[PDB]
Amino acid sequence: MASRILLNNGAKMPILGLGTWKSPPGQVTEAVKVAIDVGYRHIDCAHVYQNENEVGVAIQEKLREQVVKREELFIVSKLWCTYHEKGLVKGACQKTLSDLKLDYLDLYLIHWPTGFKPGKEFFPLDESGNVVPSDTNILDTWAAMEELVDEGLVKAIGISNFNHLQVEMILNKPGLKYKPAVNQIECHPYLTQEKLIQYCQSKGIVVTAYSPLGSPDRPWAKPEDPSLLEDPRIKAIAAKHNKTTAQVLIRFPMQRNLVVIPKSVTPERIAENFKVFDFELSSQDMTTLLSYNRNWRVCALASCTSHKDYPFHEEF
Ligand SMILES: NC(=O)c1ccc[n+]([C@@H]2O[C@H](COP(=O)([O-])OP(=O)(O)OC[C@H]3O[C@@H](n4cnc5c(N)ncnc54)[C@H](OP(=O)(O)O)[C@@H]3O)[C@@H](O)[C@H]2O)c1
Ligand SMILES: O=C(O)COc1cc(F)ccc1C(=O)NCc1cccc(C(=O)O)c1
């Protein structure tokens, strides 16, 4: 299938990218270098991941080496929750640009719909452990994102972890200038997201699937938890196709017209995970994988469940 999907800003986005959350700073430069060498052209980043400087070293070295041209790369980052105030958005974007050593981002996302009190701490807490919210709402943060397009800092803007009513709020914003291009959400066979995906796709918003392998390195994992990579039913589909379980888990969202961003710092897995353009899952395979949904989430924080904009109380 085609390697890129057309966004509603007129640009094309590679359907496979490299994730960087949890990639150690002493390993991520080589991970990104290897990824670019083996064909990746989309890197998913964020300020909160604390490794954008090291990602940037890799990007700059591959541009200097002329392995790739800047126009061939698709670099994504995200505005952290403590920067939702309109007066902080530009500086947050500029810090990311400085660290990544770029003069524009291809896509900049509101990382979560929940704004937090500005300051040095990424999760500012009250004395009882609740996150301290900001009063800035999503619509004003969206207007600040639109300014970044008009200043040339970013080519596209979007959202992440927004539920369908929050997407709808953006789409219904008085005076909306640019629609979200992307909603980046958790999606895999245990959290298949049919309802939210259909809503976003019906509005022309491209969905990116995060944690497609079930994030086995997430810091809050428990030994009892479900494991996609070890599920014998998924292993059987992979064996039938002479592919790895990870390759099936990556191809699955691709065939739903999603973008997918598996993370690895292991050179052999970075290369393996890209070898997903040479086989097809059948419709029956796809429906079987969808049947494994259990509404299980890698990403959600008990500390934010009382925030007015917490996204996961709604069904979708
Ligand atoms: N927008 C958001 O709120 C949000 C939230 C979560 C994630 N994300 C993005 O999505 C990316 C991907 O999600 P994720 O990092 O949570 O997890 P993931 O991509 O589902 O899983 C990553 C884990 O799988 C392992 N792995 C990778 N390829 C493998 C293979 N072929 N065989 C076996 N194990 C393999 C990695 O190990 P090694 O690295 O040791 O090889 C790592 O432990 C993130 O890095 C981030 O960029 C965004
Ligand atoms: O967020 C990602 O991309 C990956 O997870 C992280 C990565 C980090 F470097 C540091 C913290 C996290 C994290 O705890 N996220 C979950 C999160 C964040 C903000 C609000 C909510 C909420 O439930 O409202 C949930």
# chains A, B, ... in the order shown; residues from 1 in each chain; ligands from 1
>>> residues_around(residues="residue 182 in chain A", least_positions_apart="2", cutoff="10 Å", atoms="only C-alpha atoms", output="PyMOL selection string")
chain A and resi 7-8+107-109+156-160+179-180+184-185+200-201+204-208+259
>>> write_last_selection(atoms="N, CA and C atoms", output="PDB file, in the first residue's frame")
ATOM      1  N   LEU A   7      -3.152  14.554   4.403  1.00  0.00           N
ATOM      2  CA  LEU A   7      -3.776  15.322   5.468  1.00  0.00           C
ATOM      3  C   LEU A   7      -4.641  16.449   4.900  1.00  0.00           C
ATOM      4  N   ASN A   8      -5.531  16.953   5.757  1.00  0.00           N
ATOM      5  CA  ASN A   8      -6.433  18.037   5.394  1.00  0.00           C
ATOM      6  C   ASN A   8      -5.750  19.406   5.349  1.00  0.00           C
ATOM      7  N   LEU A 107       4.152  18.630  12.140  1.00  0.00           N
ATOM      8  CA  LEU A 107       2.898  18.486  12.863  1.00  0.00           C
ATOM      9  C   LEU A 107       3.170  18.760  14.334  1.00  0.00           C
ATOM     10  N   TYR A 108       2.322  19.582  14.950  1.00  0.00           N
ATOM     11  CA  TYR A 108       2.413  19.886  16.373  1.00  0.00           C
ATOM     12  C   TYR A 108       1.054  19.614  16.996  1.00  0.00           C
ATOM     13  N   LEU A 109       1.042  18.786  18.048  1.00  0.00           N
ATOM     14  CA  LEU A 109      -0.192  18.306  18.666  1.00  0.00           C
ATOM     15  C   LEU A 109      -0.381  18.895  20.057  1.00  0.00           C
ATOM     16  N   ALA A 156       1.386  21.853  10.203  1.00  0.00           N
ATOM     17  CA  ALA A 156       0.089  21.290  10.545  1.00  0.00           C
ATOM     18  C   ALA A 156      -0.046  21.273  12.055  1.00  0.00           C
ATOM     19  N   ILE A 157      -1.290  21.364  12.524  1.00  0.00           N
ATOM     20  CA  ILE A 157      -1.615  21.251  13.936  1.00  0.00           C
ATOM     21  C   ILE A 157      -2.665  20.164  14.135  1.00  0.00           C
ATOM     22  N   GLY A 158      -2.632  19.552  15.317  1.00  0.00           N
ATOM     23  CA  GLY A 158      -3.591  18.539  15.672  1.00  0.00           C
ATOM     24  C   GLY A 158      -3.690  18.354  17.169  1.00  0.00           C
ATOM     25  N   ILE A 159      -4.303  17.230  17.545  1.00  0.00           N
ATOM     26  CA  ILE A 159      -4.696  16.949  18.918  1.00  0.00           C
ATOM     27  C   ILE A 159      -4.319  15.507  19.258  1.00  0.00           C
ATOM     28  N   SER A 160      -4.336  15.189  20.560  1.00  0.00           N
ATOM     29  CA  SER A 160      -3.998  13.847  21.022  1.00  0.00           C
ATOM     30  C   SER A 160      -4.783  13.558  22.295  1.00  0.00           C
ATOM     31  N   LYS A 179      -8.745  23.309  10.812  1.00  0.00           N
ATOM     32  CA  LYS A 179      -9.199  22.081  11.450  1.00  0.00           C
ATOM     33  C   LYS A 179      -7.994  21.287  11.960  1.00  0.00           C
ATOM     34  N   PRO A 180      -8.165  20.502  13.030  1.00  0.00           N
ATOM     35  CA  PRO A 180      -7.128  19.528  13.387  1.00  0.00           C
ATOM     36  C   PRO A 180      -6.834  18.635  12.191  1.00  0.00           C
ATOM     37  N   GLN A 184      -4.113  11.805  17.647  1.00  0.00           N
ATOM     38  CA  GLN A 184      -3.249  10.690  18.017  1.00  0.00           C
ATOM     39  C   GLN A 184      -3.787  10.055  19.305  1.00  0.00           C
ATOM     40  N   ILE A 185      -4.158   8.771  19.230  1.00  0.00           N
ATOM     41  CA  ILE A 185      -4.838   8.070  20.317  1.00  0.00           C
ATOM     42  C   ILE A 185      -4.236   6.682  20.484  1.00  0.00           C
ATOM     43  N   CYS A 200     -13.629  10.431  13.733  1.00  0.00           N
ATOM     44  CA  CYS A 200     -12.559  11.285  13.226  1.00  0.00           C
ATOM     45  C   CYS A 200     -12.426  11.149  11.716  1.00  0.00           C
ATOM     46  N   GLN A 201     -12.437   9.912  11.209  1.00  0.00           N
ATOM     47  CA  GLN A 201     -12.289   9.709   9.770  1.00  0.00           C
ATOM     48  C   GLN A 201     -13.435  10.363   9.002  1.00  0.00           C
ATOM     49  N   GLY A 204     -12.590  13.881   8.233  1.00  0.00           N
ATOM     50  CA  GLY A 204     -11.352  14.127   7.520  1.00  0.00           C
ATOM     51  C   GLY A 204     -10.123  14.268   8.392  1.00  0.00           C
ATOM     52  N   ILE A 205     -10.207  13.879   9.660  1.00  0.00           N
ATOM     53  CA  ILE A 205      -9.083  13.919  10.588  1.00  0.00           C
ATOM     54  C   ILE A 205      -8.396  12.559  10.536  1.00  0.00           C
ATOM     55  N   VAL A 206      -7.088  12.549  10.311  1.00  0.00           N
ATOM     56  CA  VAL A 206      -6.319  11.310  10.283  1.00  0.00           C
ATOM     57  C   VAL A 206      -6.010  10.864  11.706  1.00  0.00           C
ATOM     58  N   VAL A 207      -6.165   9.575  11.975  1.00  0.00           N
ATOM     59  CA  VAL A 207      -5.883   9.021  13.295  1.00  0.00           C
ATOM     60  C   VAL A 207      -4.513   8.358  13.284  1.00  0.00           C
ATOM     61  N   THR A 208      -3.692   8.693  14.285  1.00  0.00           N
ATOM     62  CA  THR A 208      -2.449   7.986  14.571  1.00  0.00           C
ATOM     63  C   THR A 208      -2.644   7.098  15.796  1.00  0.00           C
ATOM     64  N   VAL A 259      -2.239   5.940  10.802  1.00  0.00           N
ATOM     65  CA  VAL A 259      -0.794   6.068  10.965  1.00  0.00           C
ATOM     66  C   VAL A 259      -0.419   5.310  12.238  1.00  0.00           C
TER      67      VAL A 259
END
>>> residues_near_ligand(ligand="ligand 2", cutoff="9 Å", atoms="only C-alpha atoms and all ligand atoms", output="PyMOL selection string")
chain A and resi 21-22+45-50+78+80-81+111-115+122-123+160-161+210+218+298-307+309-312
>>> write_last_selection(atoms="N, CA and C atoms", output="short mmCIF file (atom, residue, chain, number, x, y, z; two decimals), in the first residue's frame")
data_model
loop_
_atom_site.label_atom_id
_atom_site.label_comp_id
_atom_site.auth_asym_id
_atom_site.auth_seq_id
_atom_site.Cartn_x
_atom_site.Cartn_y
_atom_site.Cartn_z
N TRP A 21 9.00 7.78 23.14
CA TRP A 21 8.76 7.80 24.58
C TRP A 21 9.49 6.62 25.23
N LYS A 22 10.28 6.90 26.27
CA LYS A 22 11.06 5.94 27.06
C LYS A 22 12.37 5.58 26.38
N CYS A 45 7.78 12.67 18.57
CA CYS A 45 8.53 13.27 19.66
C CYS A 45 7.60 13.96 20.64
N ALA A 46 8.16 14.38 21.78
CA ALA A 46 7.44 15.27 22.68
C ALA A 46 8.41 15.90 23.67
N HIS A 47 8.14 17.15 24.06
CA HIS A 47 8.96 17.80 25.07
C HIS A 47 8.98 17.00 26.38
N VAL A 48 7.83 16.45 26.78
CA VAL A 48 7.74 15.74 28.05
C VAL A 48 8.59 14.47 28.07
N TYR A 49 8.99 13.96 26.90
CA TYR A 49 9.81 12.74 26.86
C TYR A 49 11.26 13.01 27.28
N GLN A 50 11.68 14.28 27.34
CA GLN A 50 12.98 14.70 27.88
C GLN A 50 14.15 14.21 27.04
N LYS A 78 4.73 17.68 20.43
CA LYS A 78 3.51 17.87 21.20
C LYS A 78 3.72 18.91 22.29
N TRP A 80 3.09 20.27 25.83
CA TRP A 80 2.80 19.64 27.11
C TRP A 80 1.72 20.44 27.88
N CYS A 81 1.11 19.75 28.85
CA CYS A 81 -0.07 20.24 29.56
C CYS A 81 0.18 21.52 30.36
N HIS A 111 -0.93 17.75 23.42
CA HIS A 111 -0.59 16.39 23.87
C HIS A 111 -1.76 15.72 24.59
N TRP A 112 -2.44 16.46 25.46
CA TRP A 112 -3.63 16.03 26.19
C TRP A 112 -4.59 17.21 26.25
N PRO A 113 -5.90 16.95 26.36
CA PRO A 113 -6.85 18.06 26.47
C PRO A 113 -6.79 18.79 27.81
N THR A 114 -6.17 18.19 28.81
CA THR A 114 -6.09 18.74 30.16
C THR A 114 -4.93 19.73 30.29
N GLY A 115 -5.21 20.99 30.62
CA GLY A 115 -4.17 21.94 30.97
C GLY A 115 -3.85 21.88 32.46
N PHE A 122 6.22 19.01 35.49
CA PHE A 122 5.32 18.56 34.43
C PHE A 122 3.96 18.11 34.97
N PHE A 123 3.92 17.65 36.22
CA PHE A 123 2.69 17.24 36.91
C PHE A 123 2.63 17.98 38.24
N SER A 160 -4.34 15.19 20.56
CA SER A 160 -4.00 13.85 21.02
C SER A 160 -4.78 13.56 22.29
N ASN A 161 -5.31 12.34 22.38
CA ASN A 161 -6.09 11.92 23.55
C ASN A 161 -7.37 12.74 23.70
N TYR A 210 -1.08 5.12 18.77
CA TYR A 210 0.05 4.98 19.67
C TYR A 210 -0.05 3.70 20.52
N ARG A 218 6.02 0.26 29.44
CA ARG A 218 5.39 1.31 30.23
C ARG A 218 5.78 1.15 31.70
N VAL A 298 -3.20 1.38 28.02
CA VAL A 298 -1.87 1.70 28.53
C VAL A 298 -1.87 3.04 29.25
N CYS A 299 -2.49 4.05 28.65
CA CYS A 299 -2.28 5.44 29.07
C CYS A 299 -3.52 6.07 29.67
N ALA A 300 -3.40 6.41 30.95
CA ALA A 300 -4.39 7.15 31.72
C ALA A 300 -3.79 7.32 33.11
N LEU A 301 -4.09 8.42 33.79
CA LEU A 301 -3.50 8.69 35.10
C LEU A 301 -4.60 8.96 36.11
N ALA A 302 -4.58 8.19 37.21
CA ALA A 302 -5.54 8.43 38.28
C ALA A 302 -5.44 9.85 38.80
N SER A 303 -4.26 10.47 38.69
CA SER A 303 -4.11 11.83 39.17
C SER A 303 -4.92 12.83 38.36
N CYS A 304 -5.35 12.52 37.12
CA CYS A 304 -6.07 13.53 36.35
C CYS A 304 -7.56 13.24 36.21
N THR A 305 -8.08 12.22 36.89
CA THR A 305 -9.45 11.80 36.64
C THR A 305 -10.51 12.80 37.11
N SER A 306 -10.16 13.80 37.93
CA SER A 306 -11.10 14.85 38.31
C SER A 306 -10.94 16.13 37.49
N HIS A 307 -9.93 16.19 36.62
CA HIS A 307 -9.77 17.36 35.77
C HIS A 307 -11.00 17.52 34.89
N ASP A 309 -11.41 18.39 31.99
CA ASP A 309 -11.21 17.95 30.62
C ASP A 309 -10.61 16.55 30.53
N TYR A 310 -10.65 15.78 31.62
CA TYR A 310 -10.19 14.39 31.55
C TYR A 310 -10.95 13.68 30.43
N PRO A 311 -10.26 13.00 29.50
CA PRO A 311 -10.95 12.55 28.29
C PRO A 311 -11.67 11.22 28.37
N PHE A 312 -11.43 10.39 29.39
CA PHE A 312 -11.83 8.99 29.31
C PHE A 312 -13.02 8.63 30.20
#
>>> closest_atom_pairs(of="chain A", to="ligand 1", cutoff="6 Å", atoms="only C-alpha atoms and all ligand atoms", output="Markdown table")
| residue | atom | partner | partner_atom_place_in_ligand_line | distance |
| --- | --- | --- | --- | --- |
| A:19 | CA | ligand 1 | 47 (O) | 3.3 |
| A:20 | CA | ligand 1 | 45 (O) | 4.1 |
| A:21 | CA | ligand 1 | 45 (O) | 3.6 |
| A:44 | CA | ligand 1 | 47 (O) | 4.8 |
| A:45 | CA | ligand 1 | 47 (O) | 5.7 |
| A:111 | CA | ligand 1 | 1 (N) | 5.7 |
| A:160 | CA | ligand 1 | 1 (N) | 5.3 |
| A:184 | CA | ligand 1 | 1 (N) | 5.6 |
| A:210 | CA | ligand 1 | 10 (O) | 4.0 |
| A:211 | CA | ligand 1 | 13 (O) | 3.3 |
| A:212 | CA | ligand 1 | 20 (O) | 4.2 |
| A:213 | CA | ligand 1 | 20 (O) | 3.3 |
| A:214 | CA | ligand 1 | 20 (O) | 4.2 |
| A:215 | CA | ligand 1 | 17 (O) | 3.4 |
| A:216 | CA | ligand 1 | 43 (O) | 5.0 |
| A:217 | CA | ligand 1 | 43 (O) | 4.1 |
| A:246 | CA | ligand 1 | 31 (N) | 4.8 |
| A:261 | CA | ligand 1 | 11 (C) | 5.2 |
| A:262 | CA | ligand 1 | 19 (O) | 3.5 |
| A:263 | CA | ligand 1 | 19 (O) | 3.9 |
| A:264 | CA | ligand 1 | 39 (O) | 3.2 |
| A:265 | CA | ligand 1 | 39 (O) | 4.1 |
| A:266 | CA | ligand 1 | 41 (O) | 4.2 |
| A:269 | CA | ligand 1 | 31 (N) | 4.5 |
| A:273 | CA | ligand 1 | 31 (N) | 5.6 |
>>> write_last_selection(atoms="N, CA and C atoms", output="short mmCIF file (atom, residue, chain, number, x, y, z; two decimals), in the first residue's frame")
data_model
loop_
_atom_site.label_atom_id
_atom_site.label_comp_id
_atom_site.auth_asym_id
_atom_site.auth_seq_id
_atom_site.Cartn_x
_atom_site.Cartn_y
_atom_site.Cartn_z
N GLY A 19 8.39 5.80 17.31
CA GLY A 19 8.12 6.38 18.61
C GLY A 19 9.38 6.56 19.44
N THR A 20 9.34 7.55 20.36
CA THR A 20 10.50 7.90 21.17
C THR A 20 10.22 8.03 22.67
N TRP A 21 9.00 7.78 23.14
CA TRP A 21 8.76 7.80 24.58
C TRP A 21 9.49 6.62 25.23
N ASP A 44 8.08 10.48 15.93
CA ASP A 44 7.13 11.02 16.90
C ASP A 44 7.87 11.40 18.18
N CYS A 45 7.78 12.67 18.57
CA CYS A 45 8.53 13.27 19.66
C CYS A 45 7.60 13.96 20.64
N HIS A 111 -0.93 17.75 23.42
CA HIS A 111 -0.59 16.39 23.87
C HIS A 111 -1.76 15.72 24.59
N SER A 160 -4.34 15.19 20.56
CA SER A 160 -4.00 13.85 21.02
C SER A 160 -4.78 13.56 22.29
N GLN A 184 -4.11 11.80 17.65
CA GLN A 184 -3.25 10.69 18.02
C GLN A 184 -3.79 10.05 19.31
N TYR A 210 -1.08 5.12 18.77
CA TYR A 210 0.05 4.98 19.67
C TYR A 210 -0.05 3.70 20.52
N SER A 211 1.08 3.31 21.11
CA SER A 211 1.23 2.06 21.85
C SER A 211 0.68 0.86 21.06
N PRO A 212 1.04 0.71 19.78
CA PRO A 212 0.45 -0.37 18.96
C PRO A 212 0.87 -1.76 19.40
N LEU A 213 1.97 -1.89 20.14
CA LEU A 213 2.43 -3.17 20.67
C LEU A 213 1.99 -3.38 22.11
N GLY A 214 1.18 -2.47 22.65
CA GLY A 214 0.76 -2.55 24.03
C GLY A 214 1.77 -2.01 25.02
N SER A 215 2.77 -1.25 24.58
CA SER A 215 3.72 -0.58 25.46
C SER A 215 4.23 -1.50 26.57
N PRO A 216 4.88 -2.62 26.23
CA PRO A 216 5.36 -3.52 27.29
C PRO A 216 6.39 -2.90 28.24
N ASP A 217 7.03 -1.79 27.86
CA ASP A 217 7.97 -1.07 28.72
C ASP A 217 7.34 0.10 29.49
N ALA A 246 4.94 -8.61 16.19
CA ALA A 246 5.03 -7.15 16.09
C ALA A 246 4.67 -6.66 14.69
N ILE A 261 2.97 4.30 15.09
CA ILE A 261 4.27 4.81 15.58
C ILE A 261 4.92 3.88 16.62
N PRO A 262 5.24 2.64 16.25
CA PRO A 262 5.92 1.74 17.20
C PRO A 262 7.26 2.31 17.68
N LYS A 263 7.55 2.14 18.97
CA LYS A 263 8.82 2.55 19.56
C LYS A 263 9.78 1.37 19.69
N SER A 264 11.04 1.60 19.33
CA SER A 264 12.12 0.70 19.70
C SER A 264 13.42 1.48 19.75
N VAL A 265 14.33 1.03 20.62
CA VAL A 265 15.73 1.43 20.59
C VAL A 265 16.64 0.28 20.16
N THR A 266 16.08 -0.85 19.75
CA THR A 266 16.87 -2.03 19.38
C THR A 266 17.07 -2.02 17.88
N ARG A 269 15.11 -4.61 15.81
CA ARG A 269 13.66 -4.43 15.85
C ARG A 269 13.23 -3.20 15.05
N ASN A 273 10.47 -3.82 12.27
CA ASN A 273 9.19 -3.14 12.36
C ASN A 273 8.86 -2.36 11.09
#
>>> select_by_dssp(residues="range 67-288 of chain A", states="helix (DSSP H, G or I)", output="JSON, numbers by chain")
{"A": [70, 71, 72, 81, 82, 83, 86, 87, 88, 89, 90, 91, 92, 93, 94, 95, 96, 97, 98, 99, 100, 138, 139, 140, 141, 142, 143, 144, 145, 146, 147, 148, 149, 150, 164, 165, 166, 167, 168, 169, 170, 171, 194, 195, 196, 197, 198, 199, 200, 201, 202, 228, 229, 230, 232, 233, 234, 235, 236, 237, 238, 239, 240, 245, 246, 247, 248, 249, 250, 251, 252, 253, 254, 267, 268, 269, 270, 271, 272, 273, 274, 283, 284, 285, 286, 287, 288]}
>>> residues_around(residues="range 236-245 of chain A", least_positions_apart="6", cutoff="8 Å", atoms="only C-alpha atoms", output="number ranges by chain")
A: 229, 279, 285
>>> residues_around(residues="residue 277 in chain A", least_positions_apart="4", cutoff="12 Å", atoms="only C-alpha atoms", output="PDB file with N, CA, C and O atoms, in the first residue's frame")
ATOM      1  N   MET A   1       0.851  -1.229   0.000  1.00  0.00           N
ATOM      2  CA  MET A   1       0.000   0.000   0.000  1.00  0.00           C
ATOM      3  C   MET A   1       0.866   1.251   0.000  1.00  0.00           C
ATOM      4  O   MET A   1       2.067   1.179   0.255  1.00  0.00           O
ATOM      5  N   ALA A   2       0.240   2.394  -0.274  1.00  0.00           N
ATOM      6  CA  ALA A   2       0.965   3.658  -0.321  1.00  0.00           C
ATOM      7  C   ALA A   2       1.594   3.961   1.032  1.00  0.00           C
ATOM      8  O   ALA A   2       1.029   3.658   2.086  1.00  0.00           O
ATOM      9  N   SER A   3       2.770   4.574   0.999  1.00  0.00           N
ATOM     10  CA  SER A   3       3.507   4.824   2.227  1.00  0.00           C
ATOM     11  C   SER A   3       3.066   6.081   2.964  1.00  0.00           C
ATOM     12  O   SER A   3       3.452   6.238   4.126  1.00  0.00           O
ATOM     13  N   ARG A   4       2.301   6.981   2.334  1.00  0.00           N
ATOM     14  CA  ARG A   4       1.888   8.229   2.966  1.00  0.00           C
ATOM     15  C   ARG A   4       0.385   8.419   2.820  1.00  0.00           C
ATOM     16  O   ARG A   4      -0.233   7.909   1.881  1.00  0.00           O
ATOM     17  N   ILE A  15       2.816   6.815   6.914  1.00  0.00           N
ATOM     18  CA  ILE A  15       1.931   6.009   7.756  1.00  0.00           C
ATOM     19  C   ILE A  15       2.679   5.211   8.818  1.00  0.00           C
ATOM     20  O   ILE A  15       2.050   4.744   9.774  1.00  0.00           O
ATOM     21  N   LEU A  16       3.992   5.047   8.686  1.00  0.00           N
ATOM     22  CA  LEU A  16       4.809   4.405   9.709  1.00  0.00           C
ATOM     23  C   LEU A  16       5.815   5.420  10.240  1.00  0.00           C
ATOM     24  O   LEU A  16       6.519   6.080   9.468  1.00  0.00           O
ATOM     25  N   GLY A  39      14.843   3.443   6.438  1.00  0.00           N
ATOM     26  CA  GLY A  39      13.729   3.932   5.650  1.00  0.00           C
ATOM     27  C   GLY A  39      12.714   4.762   6.394  1.00  0.00           C
ATOM     28  O   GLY A  39      11.824   5.339   5.751  1.00  0.00           O
ATOM     29  N   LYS A 243       5.392 -13.840   9.392  1.00  0.00           N
ATOM     30  CA  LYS A 243       5.814 -12.554   9.932  1.00  0.00           C
ATOM     31  C   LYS A 243       5.902 -12.662  11.450  1.00  0.00           C
ATOM     32  O   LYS A 243       5.481 -13.657  12.045  1.00  0.00           O
ATOM     33  N   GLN A 247       5.128  -7.363  13.647  1.00  0.00           N
ATOM     34  CA  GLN A 247       4.794  -6.965  12.280  1.00  0.00           C
ATOM     35  C   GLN A 247       3.288  -7.017  12.024  1.00  0.00           C
ATOM     36  O   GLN A 247       2.738  -6.131  11.361  1.00  0.00           O
ATOM     37  N   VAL A 248       2.595  -8.043  12.543  1.00  0.00           N
ATOM     38  CA  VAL A 248       1.132  -8.077  12.451  1.00  0.00           C
ATOM     39  C   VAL A 248       0.502  -6.900  13.189  1.00  0.00           C
ATOM     40  O   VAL A 248      -0.441  -6.270  12.695  1.00  0.00           O
ATOM     41  N   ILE A 250       1.695  -3.998  13.740  1.00  0.00           N
ATOM     42  CA  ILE A 250       1.944  -2.751  13.013  1.00  0.00           C
ATOM     43  C   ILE A 250       1.102  -2.679  11.732  1.00  0.00           C
ATOM     44  O   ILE A 250       0.539  -1.625  11.397  1.00  0.00           O
ATOM     45  N   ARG A 251       0.998  -3.791  11.006  1.00  0.00           N
ATOM     46  CA  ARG A 251       0.218  -3.816   9.775  1.00  0.00           C
ATOM     47  C   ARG A 251      -1.271  -3.602  10.041  1.00  0.00           C
ATOM     48  O   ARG A 251      -1.972  -3.004   9.208  1.00  0.00           O
ATOM     49  N   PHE A 252      -1.773  -4.093  11.171  1.00  0.00           N
ATOM     50  CA  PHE A 252      -3.187  -3.983  11.545  1.00  0.00           C
ATOM     51  C   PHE A 252      -3.706  -2.544  11.438  1.00  0.00           C
ATOM     52  O   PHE A 252      -4.634  -2.288  10.657  1.00  0.00           O
ATOM     53  N   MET A 254      -2.361  -0.002   9.945  1.00  0.00           N
ATOM     54  CA  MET A 254      -2.145   0.501   8.591  1.00  0.00           C
ATOM     55  C   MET A 254      -3.335   0.185   7.690  1.00  0.00           C
ATOM     56  O   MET A 254      -3.758   1.022   6.876  1.00  0.00           O
ATOM     57  N   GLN A 255      -3.896  -1.027   7.814  1.00  0.00           N
ATOM     58  CA  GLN A 255      -5.022  -1.438   6.971  1.00  0.00           C
ATOM     59  C   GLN A 255      -6.353  -0.830   7.397  1.00  0.00           C
ATOM     60  O   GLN A 255      -7.344  -1.000   6.679  1.00  0.00           O
ATOM     61  N   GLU A 272      13.121  -4.557  11.630  1.00  0.00           N
ATOM     62  CA  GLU A 272      12.011  -5.519  11.520  1.00  0.00           C
ATOM     63  C   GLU A 272      10.676  -4.811  11.407  1.00  0.00           C
ATOM     64  O   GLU A 272       9.819  -5.178  10.590  1.00  0.00           O
ATOM     65  N   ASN A 273      10.472  -3.823  12.269  1.00  0.00           N
ATOM     66  CA  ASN A 273       9.195  -3.142  12.358  1.00  0.00           C
ATOM     67  C   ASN A 273       8.861  -2.362  11.093  1.00  0.00           C
ATOM     68  O   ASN A 273       7.687  -2.043  10.870  1.00  0.00           O
ATOM     69  N   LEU A 281      -2.959  -8.513   5.555  1.00  0.00           N
ATOM     70  CA  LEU A 281      -3.922  -9.234   6.373  1.00  0.00           C
ATOM     71  C   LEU A 281      -5.259  -9.317   5.626  1.00  0.00           C
ATOM     72  O   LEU A 281      -5.694  -8.344   5.001  1.00  0.00           O
TER      73      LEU A 281
END
>>> closest_residue(among="A:294, A:42, A:256, A:117", to="residue 84 in chain A", atoms="only C-alpha atoms")
A:117
>>> residues_around(residues="range 52-58 of chain A", least_positions_apart="2", cutoff="7 Å", atoms="only C-alpha atoms", output="list in words")
residues 25, 28, 29, 30, 32, 33, 45, 46, 47, 50, 60, 61, 62, 96, 99, 100 and 101 of chain A
>>> write_last_selection(atoms="N, CA and C atoms", output="compact mmCIF listing (two decimals), in the first residue's frame")
# COMPACT_ATOMS: atom_id res chain seq x y z
N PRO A 25 18.09 8.67 26.69
CA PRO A 25 18.84 9.70 25.96
C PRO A 25 20.15 9.20 25.39
N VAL A 28 18.82 6.99 22.11
CA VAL A 28 17.86 7.44 21.11
C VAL A 28 18.53 8.06 19.89
N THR A 29 19.72 8.66 20.04
CA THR A 29 20.40 9.20 18.86
C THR A 29 20.71 8.07 17.87
N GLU A 30 21.28 6.97 18.34
CA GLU A 30 21.54 5.86 17.44
C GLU A 30 20.24 5.22 16.94
N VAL A 32 17.38 6.72 16.20
CA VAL A 32 16.85 7.55 15.12
C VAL A 32 17.75 7.49 13.88
N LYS A 33 19.08 7.46 14.08
CA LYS A 33 20.00 7.31 12.95
C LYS A 33 19.73 6.01 12.20
N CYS A 45 7.78 12.67 18.57
CA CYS A 45 8.53 13.27 19.66
C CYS A 45 7.60 13.96 20.64
N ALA A 46 8.16 14.38 21.78
CA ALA A 46 7.44 15.27 22.68
C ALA A 46 8.41 15.90 23.67
N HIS A 47 8.14 17.15 24.06
CA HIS A 47 8.96 17.80 25.07
C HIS A 47 8.98 17.00 26.38
N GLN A 50 11.68 14.28 27.34
CA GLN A 50 12.98 14.70 27.88
C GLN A 50 14.15 14.21 27.04
N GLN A 60 19.84 15.96 12.64
CA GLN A 60 20.79 16.89 12.05
C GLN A 60 21.94 16.16 11.37
N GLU A 61 22.40 15.06 11.97
CA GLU A 61 23.51 14.32 11.38
C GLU A 61 23.10 13.66 10.07
N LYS A 62 21.87 13.15 9.98
CA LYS A 62 21.41 12.53 8.74
C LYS A 62 21.12 13.57 7.66
N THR A 96 11.06 23.20 21.66
CA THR A 96 11.08 21.95 20.89
C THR A 96 11.85 22.12 19.58
N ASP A 99 15.60 22.33 20.36
CA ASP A 99 16.14 21.03 20.74
C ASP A 99 16.25 20.08 19.55
N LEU A 100 15.22 20.04 18.71
CA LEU A 100 15.23 19.17 17.54
C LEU A 100 16.13 19.72 16.43
N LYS A 101 16.59 20.97 16.57
CA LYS A 101 17.44 21.67 15.61
C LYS A 101 16.77 21.83 14.25
>>> atom_distance(atom1="CA of residue 83 in chain A", atom2="CA of residue 141 in chain A")
9.0 Å
>>> closest_residue(among="A:268, A:131, A:278, A:297", to="residue 225 in chain A", atoms="only C-alpha atoms")
A:297
>>> atom_distance(atom1="CA of residue 283 in chain A", atom2="CA of residue 43 in chain A")
29.2 Å
>>> closest_residue(among="A:104, A:199, A:162, A:178", to="residue 146 in chain A", atoms="only C-alpha atoms")
A:178
>>> select_by_dssp(residues="range 83-315 of chain A", states="strand (DSSP E or B)", output="MDAnalysis selection string")
chainID A and resid 105 107:110 116 125 131 133 154 157:160 182:186 188 191 206:210 259:260 263
>>> atom_distance(atom1="CA of residue 132 in chain A", atom2="CA of residue 85 in chain A")
14.0 Å
>>> decode(residues="range 16-20 of chain A", atoms="C-alpha atoms", output="short mmCIF file (atom, residue, chain, number, x, y, z; two decimals), in the first residue's frame")
data_model
loop_
_atom_site.label_atom_id
_atom_site.label_comp_id
_atom_site.auth_asym_id
_atom_site.auth_seq_id
_atom_site.Cartn_x
_atom_site.Cartn_y
_atom_site.Cartn_z
CA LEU A 16 4.81 4.41 9.71
CA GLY A 17 6.85 6.41 12.20
CA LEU A 18 9.29 5.80 15.05
CA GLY A 19 8.12 6.38 18.61
CA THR A 20 10.50 7.90 21.17
#
